[PDB]
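For this one, two forms of the same chain are given in structure tokens, first as structure 1 and then as structure 2.
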Structure 1
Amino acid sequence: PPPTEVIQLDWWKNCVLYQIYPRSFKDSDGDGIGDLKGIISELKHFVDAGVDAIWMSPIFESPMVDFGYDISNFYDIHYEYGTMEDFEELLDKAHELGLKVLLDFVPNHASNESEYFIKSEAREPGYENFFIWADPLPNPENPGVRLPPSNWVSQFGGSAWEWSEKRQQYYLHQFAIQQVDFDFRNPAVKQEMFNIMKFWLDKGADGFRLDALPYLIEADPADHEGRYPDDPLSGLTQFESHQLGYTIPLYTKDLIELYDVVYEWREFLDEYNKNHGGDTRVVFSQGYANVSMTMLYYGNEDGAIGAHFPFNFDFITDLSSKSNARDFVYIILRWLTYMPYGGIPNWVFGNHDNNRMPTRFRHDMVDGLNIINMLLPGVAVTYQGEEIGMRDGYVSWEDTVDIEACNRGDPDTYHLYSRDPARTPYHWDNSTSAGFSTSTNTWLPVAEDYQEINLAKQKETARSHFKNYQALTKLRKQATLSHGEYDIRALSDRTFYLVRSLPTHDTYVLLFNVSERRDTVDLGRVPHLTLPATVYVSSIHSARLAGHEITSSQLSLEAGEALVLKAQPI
């Protein structure tokens, strides 16, 4: 029978979404800092790679305490990265190449250098209640020793409460001292968030990543006899009272009221899209939470609609080099089992907040992991460098600039916390500073392996991570990946299959030996696979090349080996 026709999906339902970390992508001006003119000079890379949409880590005005996540002006561009004119040029050139562009910001908090905070601290009319301000806890026993409002612990270590001498109250910071939590029960705060989003959509952004949403709302002291309630204690002996893990965040994380804010954002965005037309503008939410709390970002049982999707961190939080094939299958099944009917799945293997994909897994698993990302239903998310298999770079204590590591760590522990190894500059080629900069003095050190692992090398060599990346993003154009069913099971502790199938269309099969040992499997166990089948993609050290035919039902896979097979339609 002739192949069935399929209805085209809206762009966000099956895009390849690439995360740029602008500070480390491309330095155009020799200061060792990535910049917007740098990104503009390499927009063609996303077309070459088969990326549909780029998001940037923050580029708004920021003192850079948390490299952009401490925003002092939500309406202008950080000078080290360029100007508003450069951003507008980036949007125009990206759109001309057919790319979508999303911006990133963290609604939860503003820099203490923001006009909001300066004015709030001054109790300026309209701003007095813009942030969470509290009096000290009455000390009737030592009237003279000042007590914080509650025992709340910051994500970045120490008390979540910072005394203001000027205002003679504490302000809340779930993150850095310099990152002040907005009061999301203040209508003026909610209106300012719509104002920011409308400003950037009007400039032409295609949507937003909205960061750190579990932390929006904290217990209302009206419900606790006018005090901020203590979070319950963990009782874990490895944590002292200034260490993250000392408290259970009952009153400070994943409060149900946060979701009302997200549903209100979605209603705003839906109105905006109705009144402007063109490509749908979207919101993709970030939060690390349990399955229940994460799925609530999609919407709820009462018909609320939230983010276009919450990001799926399962490959970061629940899989690693310790995982066997059964773990891989059981964790892949979690998002697919719990995600609401009609929701769009997404898959995230890395970001600027976690160690790089091949460092969390193994170097010989890069191709298999990128195949899982591209062959699962829904949206593939790629973190800068995954398309060439970048590894964590070495960063000394002396070179560490991550506030999270400076705050929580010391020269012996800092590696437990630092995100800097996943932020080292991108490897374009084997030139000075891996082609990232004409300068040797980069804001973070260039990883030692850049002569071995760089894009130019992988475009010249017959087989490479990047060429496999290109073959996979191209495969996503096939109806079997955009509209096909899925079946996933383990064949052994070492190997699993993923089958995409769709009547009258080619079948595609992943086989992946995720173990450190060779494995032999019976392909007769794989549903919808008739032999002979053809190798479409293989891992760079596979004995099988693309175009190789699989004729035998007995297949030996090397440690880390992955194959994509193209088989006849069902």
Structure 2
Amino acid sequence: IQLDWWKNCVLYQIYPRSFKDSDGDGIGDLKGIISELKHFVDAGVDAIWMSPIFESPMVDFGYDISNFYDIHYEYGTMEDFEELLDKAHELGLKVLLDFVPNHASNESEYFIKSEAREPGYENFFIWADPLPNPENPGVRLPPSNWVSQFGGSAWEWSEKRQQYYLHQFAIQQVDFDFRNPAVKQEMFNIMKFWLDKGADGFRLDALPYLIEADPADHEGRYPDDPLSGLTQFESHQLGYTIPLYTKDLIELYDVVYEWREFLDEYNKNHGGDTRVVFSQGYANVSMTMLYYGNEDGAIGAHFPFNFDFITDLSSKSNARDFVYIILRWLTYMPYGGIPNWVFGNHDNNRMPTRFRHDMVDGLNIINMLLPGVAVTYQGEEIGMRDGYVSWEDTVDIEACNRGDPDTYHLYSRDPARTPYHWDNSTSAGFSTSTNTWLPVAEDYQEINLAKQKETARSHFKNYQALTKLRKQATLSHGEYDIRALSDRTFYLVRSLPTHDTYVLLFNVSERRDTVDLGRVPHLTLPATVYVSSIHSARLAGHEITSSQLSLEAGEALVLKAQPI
């Protein structure tokens, strides 16, 4: 039976500001994306989601939204967006928008009206009174010790309103009150507006932070978060507190289930292709699985993002660690759940930087060959590395607020946001201008899409071979078997009776490894190399005939073998 599109799509995250500049201002834009929609068809991408493109002061490059109903002028107009949707659908692509429900810009009308106590907006954000200060009574203390994800107090004093407002993110990102039925209605209004425009669904931002302790349950006070007791964190630094009262509250999931109830209604009433929500939240695996639904029968996000290849694996990982981490989502996911696999995003170091340059193909093979949904971040299809960004060039508010000239590199997301490497032209073909909002990585001459399209073997040609492979019943409907053959090498087998068997072998280590292919289930020899790492001695079409296989450091093969 053929699956609904979202159950095995290749999903590509576009960071619009760094994708394509169509107008020589050094800033990626919608006309730029429209100009390269054909790239997604060439790559074998099914669906694109864009990081935020709504009206925003750009304090957090779009995650601070001042109007949820119109396009950010630097990216273009409502008309450009409508054209992007039209041409993407024409090419067969699905298009998801980055919805940011936790917070609004302090330049939003919601906030201005709330700060001024305009009726029906007074309780739109979290507003609280100061505490008195025993050590210097002149210096007001905030309602609680809560710490912002971007450093300092999560509480900002409003001169105008004579109260503190909550900001789990930047001072300029103001936390909506999700116990307010008017806030919750406004979220339906925003989603209805963009679905009415033709959007294929939403990526839902920062959900762990939706709800904080109600002061009603704590004698009218905001309860302090427990202390970590780690001496490397001072009271203004993220890590000083354990976010017991400020993150992963059980009530956040009820909001998500209400969103899915609304979306299921909409899909029923409008028909056509299913519109989906994919949720973003870094949390422990059990809190992450409540985004899918709960055991009482609630249904949530079509899936929450799996960040395990970001959070729990790196160049420090061995083959047993790879297998053990891959098994986590597969062990914890509810029955009928769609697995997904994320290798990078705009908040984390790029895939080849976190792992090694020689592991790029193996990592893209894992993404494409595991059951479910492959997620690609902008650049991973060509093996883009972290770009060098000086203190002087750093614009990430997280790095500016938490960091300084000596430390900024511990915090900055900018190195994973440097402009896309189209070719070896000025600014790697991202712009006609040499003034890119972030500096272009120094290695764009070695690493760009044009070069990879015209070399016999490249990351991009491997990417294309893998997205093409996902059309095979073996990958859409086959079983999986995964195990380590040593500390250095593991296998992943997809099998399905009467259909071809596909086997990943991946030496994730820095050393040669010789493995016994007789230990691999469902693998009969001779077998044919379908894809090999760009540094493999073995080419596509090569026959593997010996049961003893030496893999070089980082080497990955996909073998096509006889059906079970």
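Start at 1 and count along the sequence of structure 1; that gives the residue numbers used here. Think of the rigid core as the biggest set of C-alphas that the two forms share within 1.5 Å after superposition. Only residues modelled in both forms are compared.
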Next item on the list: After fitting the rigid core, tell me which of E85, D202, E240, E141 has its Cα displaced by at least 2 Å between structures 1 and 2.
Entry: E141
Check: After superposition on the rigid core, what is the displacement of the C-alpha atom of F105 between structures 1 and 2, in Å?
Finding: 2.1
Check: In sequence order, what are the runs of three or more consecutive residues whose Cα atoms each shift by at least 2 Å between structures 1 and 2, relative to the rigid core?
Finding: 137-145
